[PDB]
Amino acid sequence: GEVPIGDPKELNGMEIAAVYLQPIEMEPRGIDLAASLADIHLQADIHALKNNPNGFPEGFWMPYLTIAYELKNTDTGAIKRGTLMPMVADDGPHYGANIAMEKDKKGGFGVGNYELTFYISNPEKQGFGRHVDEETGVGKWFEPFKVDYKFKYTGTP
């Protein structure tokens, strides 16, 4: 099952929500941390708001974003970071990564209170274009930004 992380944020034309669930199995193999080595799949759910200023229809998935995460256990002080990769599951596309929590050898990533940050950059960083003509053009992309959430990690689903 999915566990929502905090409240979603609306900014820069997008609704940005965080969820975690049980480790998943992703193809192609060898990119994402193997399910066997993980305790959660962390997921960023990011879709266009109404009147998205970059032309994305409401509710469309926001593609080609560059997304990193920072996860901090505030009880122990442990911090880890990584990237969320684009992929598709039965409920649609998202950005995600399997993460070791209890299993992390370094330790300190167990049940407890957590702060999560997403660091997001616009699709142009990956070569995604935008029309700028009068007839069909759209507005400028957002500058790099972050969003912050707090949640209680209750253990690997």
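Just count from 1 along the sequence shown to find any residue number.
Student: State which stretch shows the higher mean Cα B factor in the entry: 48-56 or 103-111.
Tutor: Averaged over C-alpha atoms, the B-factors run higher in 103-111.
Student: Quick check: 39-47 versus 126-134, which has the larger average CA B-factor in the record?
Tutor: Higher mean C-alpha B-factor in the PDB entry: 126-134.
Student: Tell me which of 92, 28, 63, 96 tops the list for C-alpha B factor in the record.
Tutor: Spelled out: the listed residue with the top C-alpha B-factor is 28.
Student: In terms of the CA temperature factor given in the entry, to which third of its chain does residue 71 belong: lowest, middle or highest?
Tutor: Its C-alpha B-factor, which the entry lists for residue 71, ranks in the middle third among residues of this chain.
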